[PDB]
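Written below as structure tokens is the structure these notes are about.
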Amino acid sequence: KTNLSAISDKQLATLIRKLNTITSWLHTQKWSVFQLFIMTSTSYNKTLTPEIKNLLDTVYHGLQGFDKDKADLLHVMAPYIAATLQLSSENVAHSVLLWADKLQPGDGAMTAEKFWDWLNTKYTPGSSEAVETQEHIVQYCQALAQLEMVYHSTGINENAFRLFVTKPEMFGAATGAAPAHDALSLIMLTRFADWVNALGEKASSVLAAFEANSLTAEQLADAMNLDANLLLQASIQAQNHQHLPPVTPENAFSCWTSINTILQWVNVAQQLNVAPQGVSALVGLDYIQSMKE
Amino acid sequence: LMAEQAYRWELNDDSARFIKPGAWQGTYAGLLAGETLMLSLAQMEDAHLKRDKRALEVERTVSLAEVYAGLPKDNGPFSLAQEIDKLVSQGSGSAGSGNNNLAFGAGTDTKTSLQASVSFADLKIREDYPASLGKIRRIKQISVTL
Amino acid sequence: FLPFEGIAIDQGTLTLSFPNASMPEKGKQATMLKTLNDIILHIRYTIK
Amino acid sequence: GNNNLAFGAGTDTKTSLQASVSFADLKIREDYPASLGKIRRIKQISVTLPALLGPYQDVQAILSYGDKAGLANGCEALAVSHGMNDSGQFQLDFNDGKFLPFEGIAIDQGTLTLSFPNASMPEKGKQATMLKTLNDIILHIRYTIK
């Protein structure tokens, strides 16, 4: 959205850094730019497809006779969405549907209740007819398929994807907002999946302790086969220094962003082959500034 | 659907339909069609036994001579003794009124036949028991003596 | 289902017919139907 | 008590006359030694009404339990048709899977009420003239010991 013609020098440098980082990430991920654009796209093609038509037919047949008070609409609709959209697990479809309801896809903001009502009232399976809302239905189905493309491309585990959909704040997304499929969020989701894979067999306990407010420096150090004092002091150094967002003892291992910052401190320390106090001494050498002595 | 008719007869729930269309899908060669139909039958049986109860089986003698003697004056009450013996003499005549009339048949092969018609509403059978016992009353078997 | 099963008591019409009644046509029933005095129906109905 | 004879209370039963019998007052349990069986349960109830019913004329009455909760749906009352060793059903079969009316009911506690609709002669009830001829009532209690 920002124009290059009217931009600040620091803003241009930030844009250069963002482009370089994303290009490097795409090269590491064996991903084309078009794939990233598809995963991060918001505009959806409003054209009925045989796959979308089959999805509509299956959902309409399965959900016929559904009672609102007897059970949740989303839970009942999840298995048919999983069957139609080529998913391995049903709860993955349930999480995708929750995420879609938070996103409200399309030009006509679409949700499970609205989709079910449109299917119940204005949809006649097995016939090709023109409906005013049909384009919004197609957009919602395309968004659901895209959020599948997200889940499968990211490689995150099913329950951490459920946690990300239900509580973006745990993943450090802006509080009170639906999770973003922005490339900026896509890269952090990929990094989270890579960290979970690195944890190996310990990942099962680490994720459970992370979903509770239970995870600590010592448990995570045992998981990563690192020194507990190393992680504790890296967390201390991160707390002492001004990060954005700020890191505090009550979020340092509760939120994924604070954990990522602590792990970045650890990575930089081990790159330099020094303790995190070494990086703390290094970052004090801001000698080309007027903000501080 | 043939079982649907039986359930909608044994229980008065003409509105209740359990077999739903789309159990056969040509996209997937119609696979699982019989397992959807089987689930529909399992739901139909569950609801059928859920709703069934032992009904008060009752019997009532109906006297045609007494009923035809009893219908309102403007309908012309008559005991069958003095009209059976005269309608047999001549079949063109008629007796009674409304659905309680006694007259010969109308259809081309029934002009000789003599039929006595009785209205169920005029039989006043429903009030013979309190309405609290049962909202609906249905005929299970009809036996005649001559 | 037995004949006349599920029929509502409140509404309906029951007609009993005797073929070959008319004595002008020398119907087989004619002489015997004169002996007919009264008719009985045993209505088996259920309450539910 | 529960052995009272009085007309019905519910809005559609003010004409009906019901005779109530307490199972505890029937003192049936002690008729056999307790060593034979700790529990006694009702398997079938049959009623006889030696009323002076006319030719092609019949009684109509319904005997019902007092609990209406512990027992299968609709097994709590049966209606008598002709009242000579007569249960509510048209053919009774002990081999049928259906629980007969009043099955599993404990003898020791409980109340049995037999009701006669349209009793009151001030309302010219259909039973009024015939119920005057009623002398005594019989119940054939089929109960089992186990």
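Residues are named by chain letter and number: chains run A, B, ... in the order of the structure tokens, numbers start at 1 in each chain, and ligands are numbered from 1 in the order shown.
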Specify as a ChimeraX atom specification all residues of chain C found within 6 Å of chain B, counting only C-alpha atoms. /C:5-23,34,37-48
Could you write those residues out with C-alpha atoms, as an mmCIF file, in the first residue's frame?
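Once written, selection_25.cif looks like this:
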```cif
data_model
loop_
_atom_site.group_PDB
_atom_site.id
_atom_site.type_symbol
_atom_site.label_atom_id
_atom_site.label_comp_id
_atom_site.auth_asym_id
_atom_site.auth_seq_id
_atom_site.Cartn_x
_atom_site.Cartn_y
_atom_site.Cartn_z
ATOM 1 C CA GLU C 5 -57.782 -50.347 10.859
ATOM 2 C CA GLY C 6 -56.673 -46.869 11.874
ATOM 3 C CA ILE C 7 -59.989 -45.318 10.825
ATOM 4 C CA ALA C 8 -60.940 -42.351 12.996
ATOM 5 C CA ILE C 9 -64.173 -42.737 14.952
ATOM 6 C CA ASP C 10 -65.114 -39.055 14.919
ATOM 7 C CA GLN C 11 -65.609 -38.777 11.145
ATOM 8 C CA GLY C 12 -66.467 -41.333 8.495
ATOM 9 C CA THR C 13 -69.331 -43.294 6.951
ATOM 10 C CA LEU C 14 -69.996 -47.040 7.126
ATOM 11 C CA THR C 15 -72.216 -48.656 4.495
ATOM 12 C CA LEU C 16 -73.409 -52.274 4.618
ATOM 13 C CA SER C 17 -74.790 -53.554 1.309
ATOM 14 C CA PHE C 18 -77.029 -56.543 0.536
ATOM 15 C CA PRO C 19 -76.797 -57.607 -3.128
ATOM 16 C CA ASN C 20 -79.816 -58.975 -5.001
ATOM 17 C CA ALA C 21 -82.352 -57.545 -2.557
ATOM 18 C CA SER C 22 -85.130 -56.368 -4.893
ATOM 19 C CA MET C 23 -87.992 -58.848 -5.116
ATOM 20 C CA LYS C 34 -87.644 -59.791 4.858
ATOM 21 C CA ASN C 37 -84.994 -57.593 12.076
ATOM 22 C CA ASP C 38 -81.888 -55.773 13.348
ATOM 23 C CA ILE C 39 -78.185 -55.357 12.595
ATOM 24 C CA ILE C 40 -75.253 -55.372 15.018
ATOM 25 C CA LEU C 41 -71.722 -54.062 14.568
ATOM 26 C CA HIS C 42 -69.027 -55.051 17.076
ATOM 27 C CA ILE C 43 -66.657 -52.090 16.802
ATOM 28 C CA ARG C 44 -63.204 -52.994 18.151
ATOM 29 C CA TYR C 45 -61.605 -49.581 18.670
ATOM 30 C CA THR C 46 -58.503 -48.649 20.638
ATOM 31 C CA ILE C 47 -57.684 -45.526 22.662
ATOM 32 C CA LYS C 48 -54.234 -43.937 22.524
#
```
Can you list, as a list in words, every protein, DNA or RNA residue that comes within 9 Å of residue 87 in chain D when you count only C-alpha atoms, leaving out same-chain residues fewer than 5 positions away? residues 44, 45, 46, 47, 48, 78, 79, 80, 81, 92 and 101 of chain D
Fewer than 3 positions away in the same chain doesn't count, so skip those; otherwise give me all residues within 9 Å of range 32-41 of chain B, counting only C-alpha atoms, as a PyMOL selection string. chain B and resi 3+18-20+22-25+44-46
May I ask which of the residues B:128, B:73, B:27, B:5 is the closest one to chain D, counting only C-alpha atoms? B:128
Need to verify the contact set: range 26-42 of chain D, 12 Å, only C-alpha atoms, exclusion of same-chain residues closer than 2 positions in sequence. Can you return it as a PDB file with N, CA, C and O atoms, in the first residue's frame?
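Output contents, as saved in around39.pdb:
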```pdb
ATOM      1  N   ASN D   2     -58.038 -44.889  50.995  1.00  0.00           N
ATOM      2  CA  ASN D   2     -57.900 -45.345  49.619  1.00  0.00           C
ATOM      3  C   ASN D   2     -58.950 -46.378  49.234  1.00  0.00           C
ATOM      4  O   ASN D   2     -58.957 -46.828  48.084  1.00  0.00           O
ATOM      5  N   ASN D   3     -59.821 -46.768  50.162  1.00  0.00           N
ATOM      6  CA  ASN D   3     -60.918 -47.688  49.893  1.00  0.00           C
ATOM      7  C   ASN D   3     -62.240 -46.963  49.678  1.00  0.00           C
ATOM      8  O   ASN D   3     -63.295 -47.603  49.663  1.00  0.00           O
ATOM      9  N   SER D  20     -62.064 -47.040  44.535  1.00  0.00           N
ATOM     10  CA  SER D  20     -60.633 -47.134  44.787  1.00  0.00           C
ATOM     11  C   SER D  20     -60.358 -48.217  45.820  1.00  0.00           C
ATOM     12  O   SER D  20     -61.063 -48.309  46.828  1.00  0.00           O
ATOM     13  N   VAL D  21     -59.350 -49.047  45.560  1.00  0.00           N
ATOM     14  CA  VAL D  21     -58.980 -50.136  46.456  1.00  0.00           C
ATOM     15  C   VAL D  21     -57.496 -50.024  46.767  1.00  0.00           C
ATOM     16  O   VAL D  21     -56.681 -49.843  45.857  1.00  0.00           O
ATOM     17  N   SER D  22     -57.145 -50.126  48.047  1.00  0.00           N
ATOM     18  CA  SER D  22     -55.748 -50.090  48.454  1.00  0.00           C
ATOM     19  C   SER D  22     -55.181 -51.503  48.457  1.00  0.00           C
ATOM     20  O   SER D  22     -55.788 -52.421  49.017  1.00  0.00           O
ATOM     21  N   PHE D  23     -54.020 -51.672  47.823  1.00  0.00           N
ATOM     22  CA  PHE D  23     -53.381 -52.984  47.778  1.00  0.00           C
ATOM     23  C   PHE D  23     -52.929 -53.447  49.158  1.00  0.00           C
ATOM     24  O   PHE D  23     -52.993 -54.642  49.469  1.00  0.00           O
ATOM     25  N   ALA D  24     -52.460 -52.518  49.995  1.00  0.00           N
ATOM     26  CA  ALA D  24     -52.058 -52.877  51.354  1.00  0.00           C
ATOM     27  C   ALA D  24     -53.228 -53.408  52.172  1.00  0.00           C
ATOM     28  O   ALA D  24     -53.074 -54.369  52.935  1.00  0.00           O
ATOM     29  N   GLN D  44     -50.795 -60.032  35.997  1.00  0.00           N
ATOM     30  CA  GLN D  44     -51.949 -59.680  35.179  1.00  0.00           C
ATOM     31  C   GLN D  44     -53.142 -59.432  36.091  1.00  0.00           C
ATOM     32  O   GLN D  44     -53.282 -60.074  37.134  1.00  0.00           O
ATOM     33  N   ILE D  45     -53.995 -58.492  35.689  1.00  0.00           N
ATOM     34  CA  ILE D  45     -55.211 -58.154  36.422  1.00  0.00           C
ATOM     35  C   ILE D  45     -56.419 -58.340  35.513  1.00  0.00           C
ATOM     36  O   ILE D  45     -56.467 -57.780  34.412  1.00  0.00           O
ATOM     37  N   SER D  46     -57.387 -59.130  35.973  1.00  0.00           N
ATOM     38  CA  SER D  46     -58.626 -59.379  35.252  1.00  0.00           C
ATOM     39  C   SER D  46     -59.799 -58.975  36.134  1.00  0.00           C
ATOM     40  O   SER D  46     -59.771 -59.182  37.350  1.00  0.00           O
ATOM     41  N   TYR D  65     -54.018 -47.700  37.863  1.00  0.00           N
ATOM     42  CA  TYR D  65     -53.138 -47.691  39.018  1.00  0.00           C
ATOM     43  C   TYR D  65     -53.032 -46.279  39.594  1.00  0.00           C
ATOM     44  O   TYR D  65     -53.649 -45.328  39.107  1.00  0.00           O
ATOM     45  N   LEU D  71     -43.718 -47.721  35.805  1.00  0.00           N
ATOM     46  CA  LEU D  71     -44.134 -48.802  34.929  1.00  0.00           C
ATOM     47  C   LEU D  71     -44.096 -48.348  33.474  1.00  0.00           C
ATOM     48  O   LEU D  71     -44.153 -47.153  33.170  1.00  0.00           O
ATOM     49  N   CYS D  75     -49.058 -49.106  30.500  1.00  0.00           N
ATOM     50  CA  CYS D  75     -49.382 -50.322  31.231  1.00  0.00           C
ATOM     51  C   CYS D  75     -50.145 -50.042  32.519  1.00  0.00           C
ATOM     52  O   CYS D  75     -50.474 -50.985  33.247  1.00  0.00           O
ATOM     53  N   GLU D  76     -50.425 -48.775  32.815  1.00  0.00           N
ATOM     54  CA  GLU D  76     -51.010 -48.366  34.085  1.00  0.00           C
ATOM     55  C   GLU D  76     -52.528 -48.435  34.119  1.00  0.00           C
ATOM     56  O   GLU D  76     -53.104 -48.333  35.206  1.00  0.00           O
ATOM     57  N   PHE D  99     -45.099 -56.403  27.950  1.00  0.00           N
ATOM     58  CA  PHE D  99     -45.499 -56.497  29.344  1.00  0.00           C
ATOM     59  C   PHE D  99     -47.001 -56.259  29.418  1.00  0.00           C
ATOM     60  O   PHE D  99     -47.506 -55.263  28.894  1.00  0.00           O
ATOM     61  N   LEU D 100     -47.719 -57.173  30.063  1.00  0.00           N
ATOM     62  CA  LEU D 100     -49.143 -56.982  30.252  1.00  0.00           C
ATOM     63  C   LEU D 100     -49.406 -55.804  31.186  1.00  0.00           C
ATOM     64  O   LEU D 100     -48.544 -55.428  31.983  1.00  0.00           O
ATOM     65  N   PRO D 101     -50.578 -55.178  31.075  1.00  0.00           N
ATOM     66  CA  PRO D 101     -50.905 -54.074  31.983  1.00  0.00           C
ATOM     67  C   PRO D 101     -50.847 -54.528  33.434  1.00  0.00           C
ATOM     68  O   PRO D 101     -51.261 -55.637  33.776  1.00  0.00           O
ATOM     69  N   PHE D 102     -50.316 -53.648  34.283  1.00  0.00           N
ATOM     70  CA  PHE D 102     -50.079 -53.934  35.696  1.00  0.00           C
ATOM     71  C   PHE D 102     -49.163 -55.151  35.850  1.00  0.00           C
ATOM     72  O   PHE D 102     -49.541 -56.185  36.400  1.00  0.00           O
ATOM     73  N   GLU D 103     -47.942 -55.015  35.341  1.00  0.00           N
ATOM     74  CA  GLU D 103     -46.927 -56.053  35.452  1.00  0.00           C
ATOM     75  C   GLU D 103     -45.744 -55.528  36.250  1.00  0.00           C
ATOM     76  O   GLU D 103     -45.254 -54.424  35.989  1.00  0.00           O
ATOM     77  N   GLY D 104     -45.286 -56.316  37.219  1.00  0.00           N
ATOM     78  CA  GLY D 104     -44.204 -55.899  38.082  1.00  0.00           C
ATOM     79  C   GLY D 104     -44.613 -55.000  39.224  1.00  0.00           C
ATOM     80  O   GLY D 104     -43.739 -54.520  39.957  1.00  0.00           O
ATOM     81  N   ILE D 105     -45.904 -54.749  39.393  1.00  0.00           N
ATOM     82  CA  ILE D 105     -46.391 -53.870  40.449  1.00  0.00           C
ATOM     83  C   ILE D 105     -46.366 -54.629  41.768  1.00  0.00           C
ATOM     84  O   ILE D 105     -46.871 -55.753  41.861  1.00  0.00           O
ATOM     85  N   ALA D 106     -45.769 -54.018  42.789  1.00  0.00           N
ATOM     86  CA  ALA D 106     -45.674 -54.655  44.094  1.00  0.00           C
ATOM     87  C   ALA D 106     -47.046 -54.759  44.748  1.00  0.00           C
ATOM     88  O   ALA D 106     -47.855 -53.830  44.691  1.00  0.00           O
ATOM     89  N   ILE D 107     -47.305 -55.911  45.372  1.00  0.00           N
ATOM     90  CA  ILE D 107     -48.586 -56.127  46.038  1.00  0.00           C
ATOM     91  C   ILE D 107     -48.685 -55.291  47.306  1.00  0.00           C
ATOM     92  O   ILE D 107     -49.750 -54.752  47.630  1.00  0.00           O
ATOM     93  N   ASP D 108     -47.577 -55.172  48.042  1.00  0.00           N
ATOM     94  CA  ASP D 108     -47.628 -54.634  49.399  1.00  0.00           C
ATOM     95  C   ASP D 108     -48.154 -53.204  49.420  1.00  0.00           C
ATOM     96  O   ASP D 108     -48.964 -52.846  50.282  1.00  0.00           O
ATOM     97  N   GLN D 109     -47.709 -52.374  48.482  1.00  0.00           N
ATOM     98  CA  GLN D 109     -48.130 -50.985  48.402  1.00  0.00           C
ATOM     99  C   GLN D 109     -48.741 -50.707  47.035  1.00  0.00           C
ATOM    100  O   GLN D 109     -48.455 -51.394  46.050  1.00  0.00           O
ATOM    101  N   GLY D 110     -49.601 -49.694  46.988  1.00  0.00           N
ATOM    102  CA  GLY D 110     -50.261 -49.338  45.749  1.00  0.00           C
ATOM    103  C   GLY D 110     -51.753 -49.128  45.899  1.00  0.00           C
ATOM    104  O   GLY D 110     -52.351 -49.545  46.894  1.00  0.00           O
ATOM    105  N   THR D 111     -52.365 -48.481  44.910  1.00  0.00           N
ATOM    106  CA  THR D 111     -53.795 -48.213  44.926  1.00  0.00           C
ATOM    107  C   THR D 111     -54.375 -48.520  43.556  1.00  0.00           C
ATOM    108  O   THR D 111     -53.821 -48.099  42.535  1.00  0.00           O
ATOM    109  N   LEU D 112     -55.485 -49.252  43.538  1.00  0.00           N
ATOM    110  CA  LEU D 112     -56.180 -49.618  42.311  1.00  0.00           C
ATOM    111  C   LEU D 112     -57.529 -48.917  42.283  1.00  0.00           C
ATOM    112  O   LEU D 112     -58.308 -49.024  43.236  1.00  0.00           O
ATOM    113  N   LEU D 139     -62.021 -58.786  41.071  1.00  0.00           N
ATOM    114  CA  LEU D 139     -60.726 -58.735  40.411  1.00  0.00           C
ATOM    115  C   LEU D 139     -60.063 -60.102  40.509  1.00  0.00           C
ATOM    116  O   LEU D 139     -59.985 -60.682  41.596  1.00  0.00           O
ATOM    117  N   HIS D 140     -59.588 -60.610  39.373  1.00  0.00           N
ATOM    118  CA  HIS D 140     -58.746 -61.805  39.321  1.00  0.00           C
ATOM    119  C   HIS D 140     -57.299 -61.336  39.246  1.00  0.00           C
ATOM    120  O   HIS D 140     -56.789 -61.026  38.166  1.00  0.00           O
ATOM    121  N   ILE D 141     -56.638 -61.284  40.398  1.00  0.00           N
ATOM    122  CA  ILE D 141     -55.245 -60.855  40.468  1.00  0.00           C
ATOM    123  C   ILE D 141     -54.337 -62.040  40.151  1.00  0.00           C
ATOM    124  O   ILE D 141     -54.251 -62.993  40.927  1.00  0.00           O
ATOM    125  N   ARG D 142     -53.660 -61.983  39.004  1.00  0.00           N
ATOM    126  CA  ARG D 142     -52.612 -62.943  38.658  1.00  0.00           C
ATOM    127  C   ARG D 142     -51.285 -62.396  39.172  1.00  0.00           C
ATOM    128  O   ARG D 142     -50.679 -61.529  38.537  1.00  0.00           O
ATOM    129  N   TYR D 143     -50.811 -62.885  40.314  1.00  0.00           N
ATOM    130  CA  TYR D 143     -49.525 -62.428  40.821  1.00  0.00           C
ATOM    131  C   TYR D 143     -48.570 -63.603  40.959  1.00  0.00           C
ATOM    132  O   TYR D 143     -48.986 -64.737  41.206  1.00  0.00           O
ATOM    133  N   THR D 144     -47.279 -63.327  40.808  1.00  0.00           N
ATOM    134  CA  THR D 144     -46.267 -64.367  40.876  1.00  0.00           C
ATOM    135  C   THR D 144     -45.370 -64.153  42.092  1.00  0.00           C
ATOM    136  O   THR D 144     -45.232 -63.038  42.602  1.00  0.00           O
ATOM    137  N   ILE D 145     -44.774 -65.243  42.568  1.00  0.00           N
ATOM    138  CA  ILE D 145     -43.927 -65.228  43.758  1.00  0.00           C
ATOM    139  C   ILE D 145     -42.513 -65.624  43.357  1.00  0.00           C
ATOM    140  O   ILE D 145     -42.302 -66.716  42.815  1.00  0.00           O
ATOM    141  N   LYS D 146     -41.546 -64.761  43.650  1.00  0.00           N
ATOM    142  CA  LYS D 146     -40.150 -65.063  43.352  1.00  0.00           C
ATOM    143  C   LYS D 146     -39.214 -64.233  44.223  1.00  0.00           C
ATOM    144  O   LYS D 146     -38.364 -64.777  44.928  1.00  0.00           O
TER     145      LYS D 146
END
```
For chain D, which residues have at least one atom within 12 Å of chain C, if we go by only C-alpha atoms? Write them as a PyMOL selection string, please. chain D and resi 55-58+62+73-75+77-82+88-90
Based on the selection just made, write C-alpha atoms of those residues as a compact mmCIF listing (two decimals), in the first residue's frame.
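File produced: out-v1.txt:
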```txt
# COMPACT_ATOMS: atom_id res chain seq x y z
CA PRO D 55 -78.29 -58.43 24.79
CA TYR D 56 -75.94 -56.56 22.45
CA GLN D 57 -75.32 -54.04 25.22
CA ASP D 58 -72.13 -53.62 27.21
CA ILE D 62 -61.51 -48.45 33.27
CA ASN D 73 -45.78 -46.49 29.08
CA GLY D 74 -49.50 -47.28 28.93
CA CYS D 75 -49.38 -50.32 31.23
CA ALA D 77 -54.64 -48.70 32.99
CA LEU D 78 -56.84 -51.16 31.11
CA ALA D 79 -60.49 -50.67 30.17
CA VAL D 80 -63.13 -53.36 30.60
CA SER D 81 -65.46 -54.09 27.68
CA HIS D 82 -67.87 -56.86 28.76
CA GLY D 88 -58.14 -54.68 28.52
CA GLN D 89 -56.84 -56.68 25.53
CA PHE D 90 -58.61 -58.67 22.82
```
Filtered DSSP result for chain D, state alpha helix (DSSP H), as a ChimeraX atom specification: /D:128-131
Selected residues written out, N, CA and C atoms, as a PDB file, in the first residue's frame:
```
ATOM      1  N   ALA D 128     -75.931 -44.994  33.897  1.00  0.00           N
ATOM      2  CA  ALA D 128     -76.678 -44.738  35.127  1.00  0.00           C
ATOM      3  C   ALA D 128     -77.680 -45.846  35.444  1.00  0.00           C
ATOM      4  N   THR D 129     -78.541 -46.189  34.481  1.00  0.00           N
ATOM      5  CA  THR D 129     -79.563 -47.201  34.742  1.00  0.00           C
ATOM      6  C   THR D 129     -78.956 -48.580  34.968  1.00  0.00           C
ATOM      7  N   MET D 130     -77.857 -48.889  34.286  1.00  0.00           N
ATOM      8  CA  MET D 130     -77.288 -50.231  34.343  1.00  0.00           C
ATOM      9  C   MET D 130     -76.435 -50.399  35.593  1.00  0.00           C
ATOM     10  N   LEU D 131     -75.713 -49.343  35.969  1.00  0.00           N
ATOM     11  CA  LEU D 131     -74.888 -49.364  37.172  1.00  0.00           C
ATOM     12  C   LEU D 131     -75.711 -49.563  38.439  1.00  0.00           C
TER      13      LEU D 131
END
```
Using only C-alpha atoms, which residues sit within 12 Å of residue 62 in chain A once same-chain residues fewer than 4 positions away are excluded, as a VMD selection string? (chain A and resid 55 to 58 66 73 76 to 81 83 to 84 116 119 to 120) or (chain B and resid 20 to 23 36)
Keeping C-alpha atoms, export the residues of the selection given above as a CSV table (one decimal), in the first residue's frame.
```csv
chain,number,residue,atom,x,y,z
A,55,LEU,CA,-18.9,-29.6,-0.6
A,56,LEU,CA,-22.2,-27.9,-0.6
A,57,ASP,CA,-24.1,-31.1,-1.5
A,58,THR,CA,-22.3,-33.1,1.3
A,66,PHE,CA,-29.9,-30.3,12.4
A,73,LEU,CA,-23.5,-26.1,14.5
A,76,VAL,CA,-21.7,-31.0,13.5
A,77,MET,CA,-20.5,-29.3,10.3
A,78,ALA,CA,-16.8,-30.1,10.8
A,79,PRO,CA,-16.8,-33.7,9.6
A,80,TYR,CA,-18.5,-33.0,6.3
A,81,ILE,CA,-16.1,-30.0,5.7
A,83,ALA,CA,-14.5,-35.0,4.0
A,84,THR,CA,-15.1,-32.5,1.2
A,116,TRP,CA,-26.0,-23.1,7.0
A,119,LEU,CA,-27.8,-23.8,2.4
A,120,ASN,CA,-31.0,-24.6,4.2
B,20,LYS,CA,-34.4,-38.3,3.2
B,21,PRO,CA,-33.2,-37.8,-0.4
B,22,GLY,CA,-29.6,-37.6,-1.4
B,23,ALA,CA,-28.6,-41.0,0.1
B,36,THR,CA,-27.4,-43.9,5.2
```
Best match for closeness to residue 245 in chain A among A:212, A:226, A:173, A:180, counting only C-alpha atoms: A:173
CA of residue 29 in chain A and CA of residue 12 in chain A, how far apart in Å?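 Computed distance, CA of residue 12 in chain A to CA of residue 29 in chain A, equals 25.5 Å.
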For range 274-285 of chain A, please output as a count of residues only all residues within 12 Å (counting only C-alpha atoms; exclusion window: fewer than 3 positions along the same chain). 29
